[PDB]
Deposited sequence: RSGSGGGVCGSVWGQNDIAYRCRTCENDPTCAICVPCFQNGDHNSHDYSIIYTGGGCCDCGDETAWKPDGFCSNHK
């Protein structure tokens, strides 16, 4: 598909998985969204998803505690 962050990354591009904040293992947020949130204690990792759309601000894909400062 096409406030929620509209950022996107490509096949070779990195993003962040956070197992604490994710609704399911396919969820992920862009680097700026991760850096503007607080995951210090969380089980996070840099990934190459092979592309995707950022789930920051999407209550159905990400826990609101894990939203960055700019998306809710």
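Student: Deposited sequence versus model: which ranges have no CA atoms?
Tutor: According to the deposited record, C-alpha coordinates are absent only for 3-6, which is the whole missing part.
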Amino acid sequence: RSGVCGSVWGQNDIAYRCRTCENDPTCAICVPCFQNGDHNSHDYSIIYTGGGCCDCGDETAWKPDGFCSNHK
From here on, numbers count along this sequence of modelled residues.
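Superpose the two forms; the largest set of C-alphas matching within 1.5 Å is the rigid core.
Student: Please pick 7-15 or 20-28, whichever has its Cα atoms farther from the shown form in 8 other deposited structures of this protein after a rigid core fit.
Tutor: It is 7-15 that deviates more in 8 other deposited structures of this protein.
Student: Superpose by the rigid core and compare 60-68 with 45-53; which one moves more, by C-alpha RMS, in 8 other deposited structures of this protein?
Tutor: Relative to the shown form, the greater RMS C-alpha distance in 8 other deposited structures of this protein belongs to 45-53.
Student: Tell me, lowest, middle or highest third: where does the Cα B factor of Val31 rank within its chain?
Tutor: For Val31, the deposited C-alpha B-factor lands in the lowest third.
Student: Taking the values exactly as deposited, rank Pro25 by C-alpha B-factor within its chain and report the matching third: lowest, middle or highest.
Tutor: Lowest third.
Student: Which third, lowest, middle or highest, does the C-alpha temperature factor of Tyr16 belong to within its own chain?
Tutor: Answer is lowest: the recorded C-alpha B-factor places it there.
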